[PDB]
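Novice: This is the structure I want to talk about, given as structure tokens.
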Amino acid sequence: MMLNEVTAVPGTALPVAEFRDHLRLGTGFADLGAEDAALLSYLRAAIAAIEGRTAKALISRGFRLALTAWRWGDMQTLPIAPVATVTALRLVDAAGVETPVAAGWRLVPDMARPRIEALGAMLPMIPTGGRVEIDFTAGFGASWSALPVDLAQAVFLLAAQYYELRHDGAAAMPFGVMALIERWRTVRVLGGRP
Amino acid sequence: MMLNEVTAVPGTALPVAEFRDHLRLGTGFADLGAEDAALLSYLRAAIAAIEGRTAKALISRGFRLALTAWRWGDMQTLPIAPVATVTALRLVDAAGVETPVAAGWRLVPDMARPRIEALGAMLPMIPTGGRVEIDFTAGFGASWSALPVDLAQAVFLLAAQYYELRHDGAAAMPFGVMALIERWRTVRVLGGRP
Amino acid sequence: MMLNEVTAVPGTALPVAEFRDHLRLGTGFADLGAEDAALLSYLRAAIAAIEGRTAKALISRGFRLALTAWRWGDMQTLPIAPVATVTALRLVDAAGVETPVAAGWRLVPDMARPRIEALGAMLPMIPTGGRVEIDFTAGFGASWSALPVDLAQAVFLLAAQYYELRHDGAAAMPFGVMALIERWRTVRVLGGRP
Amino acid sequence: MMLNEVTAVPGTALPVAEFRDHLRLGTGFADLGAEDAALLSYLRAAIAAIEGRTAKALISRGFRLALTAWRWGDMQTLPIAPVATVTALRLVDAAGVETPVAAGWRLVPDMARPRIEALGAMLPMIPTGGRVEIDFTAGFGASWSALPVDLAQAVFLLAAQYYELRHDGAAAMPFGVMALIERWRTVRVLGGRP
Amino acid sequence: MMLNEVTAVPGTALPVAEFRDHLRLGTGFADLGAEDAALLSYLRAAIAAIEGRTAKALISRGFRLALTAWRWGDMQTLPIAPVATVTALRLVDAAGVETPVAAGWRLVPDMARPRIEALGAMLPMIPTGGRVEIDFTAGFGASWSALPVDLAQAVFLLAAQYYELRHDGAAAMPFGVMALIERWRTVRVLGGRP
Amino acid sequence: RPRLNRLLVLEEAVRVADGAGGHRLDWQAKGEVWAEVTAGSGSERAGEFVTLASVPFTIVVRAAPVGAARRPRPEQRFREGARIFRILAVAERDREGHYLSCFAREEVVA
Amino acid sequence: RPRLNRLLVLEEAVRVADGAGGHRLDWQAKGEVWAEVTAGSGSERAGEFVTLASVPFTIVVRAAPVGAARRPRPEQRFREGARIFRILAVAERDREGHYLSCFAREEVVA
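Chains as they are written, first to last, in the entry's author numbering: chain C, 1 to 171, 175 to 197; chain D, 1 to 171, 175 to 197; chain C', 1 to 171, 175 to 197; chain D', 1 to 171, 175 to 197; chain C'', 1 to 171, 175 to 197; chain E, 3 to 112; chain E', 3 to 112. A prime marks a further copy of an entry chain.
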């Protein structure tokens, strides 16, 4: 299960022009001077901190989930939560014949537990040694405006914090960064065999 | 159970001209509009924070509840609480055909339990491998004036906070943000099977 | 059980001219400058915070209590506590024939547990699917002067607080807001089946 | 059991000219009357706070106790404690006819238990579906001078507080507001059936 | 048991001329300016706070103790403790014939438990409905000089406190107000049936 | 919050103008206020030919709108018996606006 | 962080130049700000021939870029009714830059 991203964000999809406004608009020094491409490097650091704590995706990037054995008999919960439209469930063998499948499975979308959940009880078996591989597109929307705005504010509360102070310096807000994230974290209570 | 929104709020329905009165910006300046691009960026970021802590809606935008298997045999409690006039339980098929169904389902309005209970003792069945999306418009009212005012104040107590401090900087009221929210949260005590 | 208000307050019933005097009269800067219609927007936010914590009504607005099944056999405690004179107990059926009833029930008024408490043991049964619906007028009096003055002071102690400080900023009084409310809260000890 | 007031206090019976001596406003100014509209607004807000914490009355205004079923077979303890000369136990009927009844009921005066015990071992019966309102004038005296002075001081310690701080701002005396009230509160230890 | 005072203090019996000396004599601003009749209104508030905590009387006012049933068979402890000379034990009937008694009882005076303690075992029985009524004069002496001076100092330590600070403001003395009162409080350990 | 304990007879002078342009002061009394008087560090100060003894005396009264009789303007002076407190300025001590700081001298000739 | 409670009518004078080089001020009103006004230690100050009564009055408003209408420049003055607060300087009180300290006088002639 490597789960590398196929493509990253373009960078032009990120709200750098809007984050300059969350940094100092309506109150402030002026527009002031901010290294523009620096401000893009703190948004990518705040999204990747909230993509990890929430297990969401937020920009709808393309993924590739290549894992060896199916965990359940049929279920296969996908980790990156807001999903849409499996690109392909191609199945490579130990030599690399890469024979895709086009039926036998129906992705059941959900923000809680996205699944693969094949038809009946038969999910495509794995060639011995030949890892299965699932390409999917997971996230809310293509642009920044399609996001839930409370989750978008948790990026701006966090990316501004990485802008305002560089090293790990000390400094309880009601809806802080942490309180806006907790309704998007994954609540799991299984430590068991299934 | 995906629960996305069909349409967002218009933005013109948000009280930006009244939120500006709240935040004590200024009365008779000739500029008066340098903050309009950001004030509604914090009102949408504070409503969406209270829409998740309360599971309420507040602007009565249209929703789409795309789910596959019914949670209980007949009930199907909807997540977004203040509802009215469920439009369509169009029953999609395994692939393609979408047939809207009158189906003999009712709607039990409540702020706590917005059920969709069926009258024929069984909701319309679900084609195996197909979803059942429900279009419904849920919220208090169309404009800002139709809200409960204490919940409207909890947006103004919260979006004023995001306007006054940008990053997560720490800084006890009788009826604060939290104490106004708590009569609108969902009080549940079931972790069971049914 | 939706329990939406039929009509809100007129706004001219609220003591905006008196609340300006509780804000700064006899001591102060002068009458000073206060956005008049802003001060009306904090009284409606402080009343709606005390209408929720006390489950009272305070202005004698008109209500509509539309619920599906009777909870007890005959009792039906009304939530909004100070009531007077059920407008109508019209009974709609699943299609909307809206056949009112005019006898069989006698509202027993009380600030503690207002009831419907039908005659004998027969309370009007519900058409299957056809929600029952009760319109009533609940509250103390039509004007602001008919209120208990300790509850009116809890509005002025609270609406001034929303005027004096905007965001959720930190700041134990003997009869504060909370101590004036507690003799109007509903004291319930039932978590049971009846 | 509703317990509303027939008439309020006249306002001219309140010691506004002595409360002004308490608060140290000023002695010989030519204005002398800019606070009269607000000083009795805090005296009525502090009496009504102590009328609820003590269940006393303090001005001997007339009450109306409209109730339906008797609390105990014969006793019927009245809520507002210092009573004298219960006027009328007029027994209304199911609808309309109001017949005042001498009825052979007595009145047992007490500051703690102001009973209305009946002498014929059963109070006058209640027409099923009809209330039994009791007019009685309960309080210490007609004017302000007939009060117990420590309870009169507890109004002046409290209404001076509302005059000096407007919103709920936090700020230990031997006989404070609370320690003067506590010999006038009702000490009860029954949560039972009788 | 109403126990209203027949007559209050005259006001001229109170040491207003001496309390001005306890306020500022020998050290101070000058005699200064104090609203004379204000200083009488704080002595009556400090005596009535110590008349309640000690259950003493301190000025020897006239009382009227009108209670329905005798508690014991013969004892009848009087509440206001330092007593002398029952004025009359007149006995009214349910109609008001008011037939006094002149023998059968011997008041046994005591600062701890003043009694009525009739002769033998027969204390005057009560006409059914006709409350018994006892008029007595309770207190130390007619003038202020006849008091125990430690109890008089507890008035001056308390009445000066109500003069020095008006609202309920915060501020452990060895013999404070509370330590001078505790040898005059009533020490009771009965919560029982007799 | 201040504990008000002194009675200060507020005094305002009517200005009868003379022929040369200079007004003549009368210092007719005005109504009495209640105040606290907090001393400052005092020392004697060289007057004209008088070795005047002065102390700062921040006096705190309650507030009013500026067009009211109860405001001490800095025109006016306080007087407790025969101790005249001049008013240097009035400055609205409290945050909510309930109390006014005044500023005094008590210049006794000494 | 400051609790803003007063309404101060900000005022900027247009400078109609006279023939000699000196501008003539008008003090036309500008839009109103919200501010807190914190007093300082006040005492009367010797003017020209006037015994002017002054108090320091650090006024705190919200901020703006320097080329905006909402910035109080030290050219301008505040005015609450008839109490003109001059502006000595503006100094950007907050660390993040949300609030501006102003500096006032309130020189009443007294």
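Ideal Cβ positions, reconstructed from N, Cα and C, are used throughout, including at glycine.
Tell me, please, whether the CB atom of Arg95(E') is closer than 8 Å to any CB atom in chain E?
Specialist: No, because no Cβ of chain E sits closer than 8 Å to the Cβ of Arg95(E').
Novice: Would you call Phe51(E) buried or exposed, if buried means 16 or more other Cβ atoms sit within 10 Å of its Cβ?
Specialist: Classification for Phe51(E): exposed.
Novice: When Cβ atoms are compared, which residues of the segment 2 to 16 of chain C fall closer than 8 Å to chain E'?
Specialist: Cβ contacts with chain E': none found.
Novice: Alpha carbon to alpha carbon, how far is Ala102(C) from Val86(C)?
Specialist: If I take the Cα positions, the gap works out to 10 Å.
Novice: Could you spell out where the beta strand (DSSP E) holding residue 172(D) opens and where it closes?
Specialist: No coordinates exist for residue 172(D); the numbering of chain D passes from 171 to 175 with nothing in between.
Novice: In the DSSP assignment, find the unbroken beta strand (DSSP E) run with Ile134(D) in it and report its ends.
Specialist: Looking at the DSSP string, the run of the beta strand (DSSP E) that includes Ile134(D) is 132 to 138.
Novice: Considering only C-alpha positions, which residue in the set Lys32(E'), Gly44(E'), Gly49(E') is nearest to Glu77(E')?
Specialist: Answer by Cα proximity: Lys32(E').
Novice: Would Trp29(E) pass as a contact of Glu13(E) if the rule is Cβ separation under 8 Å?
Specialist: Cβ atoms of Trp29(E) and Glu13(E): closer than 8 Å.
Novice: Between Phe19(C'') and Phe156(C''), which are expected to be in contact by the criterion C-beta below 8 Å, what is the C-beta distance as a whole number of angstroms?
Specialist: Rounded, the Cβ-Cβ distance is 6 Å, consistent with contact.
Novice: Would you tell me roughly how many angstroms separate the C-alpha atoms of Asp168(D) and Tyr42(D), rounded to the nearest one?
Specialist: Going from the Cα of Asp168(D) to the Cα of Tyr42(D) covers about 15 Å.
Novice: Comparing the C-beta of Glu164(D) with each C-beta of chain C', is any distance below 8 Å?
Specialist: With 8 Å as the cut-off, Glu164(D) counts as an interface residue toward chain C'.
Novice: Answer yes or no: does any C-beta atom of chain C' fall closer than 8 Å to that of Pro67(E)?
Specialist: Output row for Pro67(E): interface = yes.
Novice: Suppose the cutoff is 6 Å on Cβ atoms and the five residues either side in sequence are ignored; what does the same chain contact list for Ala81(D) look like?
Specialist: The answer, listed in chain order, is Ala55, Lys56, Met111, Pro114.
Novice: Given a limit of 9 Å on CB to CB distance, which residues of the segment 17 to 38 of chain C reach chain E'?
Specialist: Cβ contacts with chain E' come from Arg24, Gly26, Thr27, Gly28, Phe29, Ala30, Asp31, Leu32.
Novice: Going by beta-carbon coordinates alone, are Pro79(C') and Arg90(C') separated by less than 8 Å?
Specialist: No, Cβ-Cβ distance for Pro79(C') and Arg90(C') is not below 8 Å.
Novice: Measuring CB to CB, does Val149(C') end up less than 8 Å from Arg64(C')?
Specialist: Cβ atoms of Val149(C') and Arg64(C'): not closer than 8 Å.
Novice: Which residues in chain E sit within 8 Å of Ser56(E'), going by Cβ to Cβ distance?
Specialist: The contacting residues are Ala91.
Novice: Under 8 Å, do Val132(C) and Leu67(C) count as touching if we go by C-beta distance?
Specialist: The answer is yes: Cβ separation under 8 Å.
Novice: Measuring only the C-alpha atoms, how far is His100(E) from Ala93(E)?
Specialist: Cα to Cα, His100(E) sits roughly 11 Å from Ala93(E).
Novice: I'd like the span of the alpha helix (DSSP H) that includes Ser45(E), first residue to last.
Specialist: Where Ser45(E) is concerned, there is no enclosing alpha helix (DSSP H), although the beta strand (DSSP E) it sits in stretches over 45 to 48.
Novice: If you follow the beta strand (DSSP E) that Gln76(C'') is part of, which residue opens it and which one closes it?
Specialist: It is not in any beta strand (DSSP E) - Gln76(C'') carries neither H nor E in the DSSP assignment.
Novice: Expressed to the nearest angstrom, what Euclidean distance is found between the alpha-carbon atoms of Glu35(D) and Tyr162(D)?
Specialist: Whole-angstrom Cα-Cα distance: 13 Å.
Novice: If you measure beta-carbon to beta-carbon, which residues of the segment 9 to 43 of chain E are closer than 8 Å to chain C'?
Specialist: Answer set for the segment 9 to 43 of chain E: empty.
Novice: The alpha helix (DSSP H) spanning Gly52(C'') covers which residue range?
Specialist: Start and end: 36 to 54.
Novice: Do you know how far the Cα of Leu119(C') is from the Cα of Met181(D)?
Specialist: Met181(D) and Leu119(C'): Cα-Cα distance of roughly 43 Å.
Novice: Hey, quick one: how far does the beta strand (DSSP E) through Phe178(C) stretch, first residue to last?
Specialist: Run containing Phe178(C): none; DSSP gives neither H nor E here.
Novice: With 8 Å set as the bound, which would you pick, yes or no: does the beta-carbon of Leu6(E) sit closer than that to a beta-carbon of chain D'?
Specialist: For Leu6(E), the answer is yes, since a Cβ of chain D' falls inside 8 Å of its Cβ.
Novice: Please determine, among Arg64(E), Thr60(E), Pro4(E), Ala70(E), the residue with the shortest C-alpha to C-alpha distance to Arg107(E).
Specialist: Comparing Cα positions, the closest option is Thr60(E).
Novice: Can you tell me which of the three DSSP states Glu18(D) falls into?
Specialist: Looking at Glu18(D) - three-state DSSP - the assignment turns out to be helix.
Novice: Considering only C-alpha positions, which residue in the set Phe87(E'), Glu34(E'), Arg75(E') is nearest to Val57(E')?
Specialist: Considering only alpha carbons, the answer is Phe87(E').
Novice: Is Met181(C') close to chain D? Criterion is C-beta to C-beta, closer than 8 Å.
Specialist: It does: the Cβ of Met181(C') has a partner Cβ on chain D nearer than 8 Å.
Novice: Please confirm whether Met111(D) has its beta-carbon closer than 8 Å to some beta-carbon of chain C'.
Specialist: So, interface residue.
Novice: Determine whether the beta carbon atoms of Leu123(D) and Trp70(D) lie at a separation below 8 Å.
Specialist: Yes. Within cutoff.
Novice: From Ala170(C) to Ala170(D), what distance separates their C-alpha atoms?
Specialist: C-alpha separation (whole angstroms): 11 Å.
Novice: Answer with buried or exposed for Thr128(D), where buried requires no fewer than 16 other C-beta atoms within 10 angstroms of its C-beta.
Specialist: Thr128(D) comes out exposed.
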